[PDB]
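**Q** One structure follows; several queries about it will come next.
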Amino acid sequence: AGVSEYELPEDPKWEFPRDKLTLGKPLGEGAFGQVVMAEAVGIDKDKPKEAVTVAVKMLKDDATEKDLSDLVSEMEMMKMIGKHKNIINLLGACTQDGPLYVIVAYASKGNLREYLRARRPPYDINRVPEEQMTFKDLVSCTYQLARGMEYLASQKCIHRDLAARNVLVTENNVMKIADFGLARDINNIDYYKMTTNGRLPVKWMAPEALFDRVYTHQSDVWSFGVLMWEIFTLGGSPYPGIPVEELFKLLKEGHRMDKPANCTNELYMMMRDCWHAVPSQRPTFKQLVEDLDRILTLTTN
């Protein structure tokens with residue numbers, strides 16, 4: 001839909017009244033949208049006079065048409081995806097007679113990369129030493145995210161932008177996949193066809209997307225492997241020292257990232273399996289969940 005003449009249809013089951021929403025302090029500014037904390041009175045049907053803290057995604061003053069298209073697409077993707085423990089929860093939207101607000105559950109511990117970096121083993125005033133990550137914590141993080149993606153893939157949707165920056169962490173340390181603005185519905189098609197030059201960060205893109213312009217669930221599996229590497233480096237950035245302009249040829253030559261310091265060979269081989277050159281030889285998200293559960297069960301004892 002061309003947003004400059006598209007009028008958002010009514011969808012009463014998701015609509016939230018503007019007079020019940022009080023916008024608060026900013027939580028983030030990316031480039032296509034901005035997210036603010038807010039108080040939503042009555043958005044929990046079970047506590048109808050109660051104000052609950054939420055996060056609201058909206059356009060910036062300098063928004064483009066594509067920014068608005070992405071915000072609509074993110075809202076519609078979250079509607080169709082449905083509910084899961086490891087997917088950030090869509091609560092409602094203000095869509096009629098004013099700016100588009102997409103209202104989502106608030107994750108008080110912020111994005112995953114900064115959450116991990118603040119909990120690294122020993123000047124940063126943002127560190128949280130009382131919550132330093134153990135190996136079991138890292139495996140648990142990975143397992144939760146694999147469960148979220150297993151659910152996502154069972155809904156026949158591809159995220160396409162999986163990365164630590166697009167994961168949120170709640171007060172109870174629950175991992176929440178977020179930022180569905182690039183996600184797509186691939187029900188009834190065999191693969192999603194990429195344009196010539198996409199809007200997906202190159203360092204998380206599977207080679208078949210990069211070079212053959214195709215995206216499947218197994219392309220998300222590749223990105224999940226990079227996400228795993230981010231987790232087990234406690235928020236490191238991938239292919240360190242390699243600019244994206246040099247990475248294309250390195251990937252064609254079979255280059256893969258080295259093993260992170262805090263990782264077992266078992267977990268590194270799981271990353272490497274996610275980075276198999278042949279998409280159908282990478283594990284599925286169902287298989288990753290099974291393997292991570294077994295590792296996590298052994299670790300917790």
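Labels used: A, B, ... for chains in the order of the structure tokens, numbers from 1 for residues in each chain, and numbers from 1 for ligands as shown.
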Would you mind listing, for every residue of range 184-218 of chain A within 12 Å of range 67-90 of chain A, the two atoms forming the shortest contact and the distance between them in Å to one decimal, using only C-alpha atoms, sorted by chain and ascending residue number, as JSON lines?

**A**
{"residue": "A:184", "atom": "CA", "partner": "A:77", "partner_atom": "CA", "distance": 7.2}
{"residue": "A:185", "atom": "CA", "partner": "A:77", "partner_atom": "CA", "distance": 7.7}
{"residue": "A:186", "atom": "CA", "partner": "A:77", "partner_atom": "CA", "distance": 11.4}
{"residue": "A:187", "atom": "CA", "partner": "A:80", "partner_atom": "CA", "distance": 11.5}
{"residue": "A:199", "atom": "CA", "partner": "A:70", "partner_atom": "CA", "distance": 11.5}

**Q** Figure out the distance between CA of residue 28 in chain A and CA of residue 195 in chain A, please, to one decimal in Å.

**A**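 These atoms are spaced 28.4 Å apart.
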
**Q** Counting only C-alpha atoms, which residue out of A:128, A:104, A:133, A:164 sits closest to residue 229 in chain A?

**A**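 The shortest atom-to-atom distance to residue 229 in chain A comes from A:164.
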
**Q** Report the residues of range 21-242 of chain A whose backbone DSSP state falls under strand (DSSP E or B), written as a ChimeraX atom specification.

**A** /A:21-29,34-41,51-58,87,90-94,101-105,111,157-158,167-169,175-177,184-185,192-193,214-215

**Q** Give the answer as one residue: which of A:216, A:98, A:135, A:283 has the shortest atom-to-atom distance to residue 263 in chain A, using only C-alpha atoms?

**A**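 Smallest separation from residue 263 in chain A among the options: A:135.
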
**Q** What is the distance between CA of residue 59 in chain A and CA of residue 91 in chain A, in Å to one decimal?

**A**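 Computing the Euclidean distance for CA of residue 59 in chain A and CA of residue 91 in chain A yields 18.0 Å.
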
**Q** Skip range 288-300 of chain A itself and residues of its chain fewer than 5 positions away, then list as number ranges by chain all residues within 8 Å of it, counting only C-alpha atoms.

**A** A: 136, 139-140, 142-143, 146-147, 150, 283

**Q** Set out as a Markdown table a contact list for range 43-119 of chain A and range 235-257 of chain A with a cut-off of 12 Å, giving each residue of range 43-119 of chain A that qualifies its closest atom pair and distance in Å to one decimal, counting only C-alpha atoms, ordered by chain and rising residue number.

**A**
| residue | atom | partner | partner_atom | distance |
| --- | --- | --- | --- | --- |
| A:111 | CA | A:235 | CA | 10.2 |
| A:112 | CA | A:235 | CA | 7.5 |
| A:113 | CA | A:235 | CA | 4.5 |
| A:114 | CA | A:235 | CA | 6.8 |
| A:115 | CA | A:235 | CA | 7.9 |
| A:116 | CA | A:235 | CA | 5.4 |
| A:117 | CA | A:235 | CA | 5.4 |
| A:118 | CA | A:235 | CA | 9.0 |
| A:119 | CA | A:235 | CA | 9.6 |

**Q** Could you write out the selected residues, including N, CA, C and O atoms, as a PDB file, in the first residue's frame?

**A**
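File out-v4.pdb, as written:
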ATOM      1  N   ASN A 111      17.531  -3.492  25.558  1.00  0.00           N
ATOM      2  CA  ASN A 111      17.950  -4.325  24.439  1.00  0.00           C
ATOM      3  C   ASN A 111      19.008  -5.326  24.888  1.00  0.00           C
ATOM      4  O   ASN A 111      19.793  -5.064  25.805  1.00  0.00           O
ATOM      5  N   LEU A 112      19.053  -6.470  24.195  1.00  0.00           N
ATOM      6  CA  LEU A 112      19.890  -7.583  24.639  1.00  0.00           C
ATOM      7  C   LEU A 112      21.382  -7.260  24.584  1.00  0.00           C
ATOM      8  O   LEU A 112      22.140  -7.701  25.456  1.00  0.00           O
ATOM      9  N   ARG A 113      21.844  -6.523  23.565  1.00  0.00           N
ATOM     10  CA  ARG A 113      23.285  -6.275  23.490  1.00  0.00           C
ATOM     11  C   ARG A 113      23.780  -5.531  24.726  1.00  0.00           C
ATOM     12  O   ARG A 113      24.792  -5.909  25.329  1.00  0.00           O
ATOM     13  N   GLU A 114      23.086  -4.457  25.108  1.00  0.00           N
ATOM     14  CA  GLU A 114      23.510  -3.693  26.280  1.00  0.00           C
ATOM     15  C   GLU A 114      23.279  -4.462  27.575  1.00  0.00           C
ATOM     16  O   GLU A 114      24.026  -4.282  28.546  1.00  0.00           O
ATOM     17  N   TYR A 115      22.240  -5.300  27.613  1.00  0.00           N
ATOM     18  CA  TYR A 115      22.006  -6.163  28.767  1.00  0.00           C
ATOM     19  C   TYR A 115      23.184  -7.110  29.006  1.00  0.00           C
ATOM     20  O   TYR A 115      23.645  -7.275  30.148  1.00  0.00           O
ATOM     21  N   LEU A 116      23.699  -7.718  27.932  1.00  0.00           N
ATOM     22  CA  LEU A 116      24.843  -8.618  28.055  1.00  0.00           C
ATOM     23  C   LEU A 116      26.114  -7.859  28.406  1.00  0.00           C
ATOM     24  O   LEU A 116      26.889  -8.299  29.269  1.00  0.00           O
ATOM     25  N   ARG A 117      26.359  -6.725  27.734  1.00  0.00           N
ATOM     26  CA  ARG A 117      27.581  -5.971  27.992  1.00  0.00           C
ATOM     27  C   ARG A 117      27.627  -5.472  29.431  1.00  0.00           C
ATOM     28  O   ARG A 117      28.693  -5.475  30.055  1.00  0.00           O
ATOM     29  N   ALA A 118      26.471  -5.086  29.995  1.00  0.00           N
ATOM     30  CA  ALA A 118      26.431  -4.662  31.395  1.00  0.00           C
ATOM     31  C   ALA A 118      26.671  -5.807  32.373  1.00  0.00           C
ATOM     32  O   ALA A 118      26.946  -5.556  33.555  1.00  0.00           O
ATOM     33  N   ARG A 119      26.560  -7.053  31.928  1.00  0.00           N
ATOM     34  CA  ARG A 119      26.704  -8.199  32.812  1.00  0.00           C
ATOM     35  C   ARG A 119      27.910  -9.060  32.442  1.00  0.00           C
ATOM     36  O   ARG A 119      27.903 -10.276  32.654  1.00  0.00           O
TER      37      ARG A 119
END
